[PDB]
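This document opens with one chain alone, in structure tokens, the form deposited in one PDB entry.
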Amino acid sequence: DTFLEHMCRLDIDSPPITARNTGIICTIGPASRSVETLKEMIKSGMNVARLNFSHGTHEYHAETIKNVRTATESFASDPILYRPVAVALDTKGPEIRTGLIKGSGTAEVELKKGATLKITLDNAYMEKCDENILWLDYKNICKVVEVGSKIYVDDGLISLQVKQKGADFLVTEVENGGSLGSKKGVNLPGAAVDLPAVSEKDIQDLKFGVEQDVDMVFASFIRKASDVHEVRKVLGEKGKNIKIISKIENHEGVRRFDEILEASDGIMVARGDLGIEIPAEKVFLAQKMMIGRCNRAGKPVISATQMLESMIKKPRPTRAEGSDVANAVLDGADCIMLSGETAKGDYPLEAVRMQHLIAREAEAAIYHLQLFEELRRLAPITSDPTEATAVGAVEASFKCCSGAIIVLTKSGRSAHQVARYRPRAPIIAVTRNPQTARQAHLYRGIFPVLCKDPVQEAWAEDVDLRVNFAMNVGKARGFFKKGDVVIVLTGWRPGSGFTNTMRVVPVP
């Protein structure tokens, strides 16, 4: 009825009645590139393998994608239970990274409050940083910094405000402290950055991605719409179909968020990079704002970083990491991302699993019909057949309590359009295009299904075969039973430009 009536009526001992609508992106690192580790991850809800090109070589990310695909297709033998799994390339982007401190890639020299540390960029101490003296990537720091500007190191625990500029060197106080350590990153919040959004390394990484048939790019440190356009002209014609997800990692990208969203296929909210750049008492508005617009606009949005970073080293998360994530789902994020817990973890399965749990359970508190009616209200009058067919399909899904909204697409477009409006019922997307099954996982509520059957002489016949596919899938995965109802969205005629037929059909 009311939103409040709907929170009051929640029952913690009622069962999970929904299957899980929000997607899980896992970051694949040393702890999760074994094929066996990944088979389990896929079995515990992984849907997108993130590769962080901020660290490592090409032969290594290619081994990593080979094991992801080895595990993903161990399931292929029975295409009903087969879960697609997408590969995501997260670019490096305009980073600043520290040296090796002693000559060693595993050291940490422990800075002390009040102490003094000279930044050098003498290209000499590239691997000699100790307690004083410190080397950096950014050649032109001595230009955008000023005598008081604050510099954060590692994800941010080690802080320090400069006292002495230079032209070659720089010297500074230490508010905070801790460990320095090696190959760490540096932030310069509230300080300009003349690094390009696409370095020549990031160009090479993108093109690699095209060669490897990745399904999405996570473009780092996007600040303005030219940065998106560059990523796409690199991906070029060969990767006009790769989805670009801009990462909002600084204040500008929030300020310039609308034009970033125009140019991009979806948005990643990097909550930690933000909670360094802008005061933290405000990230959570930014997130909420940036999710809502991505929902007005029916573009995926990914909530990321500092999710369960206590499952790097405990097998069970703080009850407030739990609440953090479960509220990202409620704000209407499309997907959730794990960085350290699945990459460097001592318990990566435990994290993937807990994430599926938390997120299944947050949908108990989604008021699905308020969402829908708000998102319909806010939709424009279109002359798009496929848009109107989606809206009707969702109305109907609510007046039946549809078990599903079976949607046949090659594009993926038409299953996206239906999910735009947040049906409570799951969208079973039936495709023959393995790229579209992998990319579908971005969009909340799409359960992609990959048909491998050959195309039939008579298209009528063909449609029935795909739809019956989807219905054995639903019966099996548990979404419904004989004699329930579904919406089915198809074309009338082959090579109809659009998905313009809705049938309200009882499960057989």
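Residue positions are given as counts along the sequence shown, with the first one as 1.
Averaged over Cα atoms, the B-factor as recorded in the entry is higher for 271-279 than for the other of 390-398 and 271-279. Stretches 174-182 and 291-299 differ in mean C-alpha B factor, with the higher average recorded for 174-182. Across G209, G332, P315, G93, the greatest Cα temperature factor reported in the deposited entry is at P315. Highest C-alpha temperature factor among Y152, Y367, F221, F218, as the PDB entry reports it: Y152.
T22: CA B factor in the lowest third of modelled residues in this chain (values from the PDB entry). The entry lists a Cα temperature factor for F257 that places it in the middle third of the chain's modelled residues.
In this PDB entry, the Cα temperature factor of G156 sits in the top third of its chain's modelled residues, the highest group. Among all modelled residues in its chain, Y421 ranks in the lowest third by Cα B-factor. When the modelled residues of the chain are ordered by their C-alpha B factor, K243 lands in the lowest third.
The protein also exists as the form deposited with a small molecule bound; that form is not presented, and the subsequent description refers to it.
In the deposited complex, the small molecule lies farther than 4.5 Å from every heavy atom of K207. Residue contact check for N47: one or more of its heavy atoms lie within 4.5 Å of the small molecule in the deposited complex. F447 belongs to the set of residues with a heavy atom inside 4.5 Å of the small molecule in the deposited complex.
Using a 4.5 angstroms limit between non-hydrogen atoms, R83 touches the small molecule in the deposited complex. Stretch-level contact analysis of 28-36, 438-446, 468-476, 58-66 against the small molecule in the deposited complex, using heavy atoms and a 4.5 Å limit, identifies 438-446.
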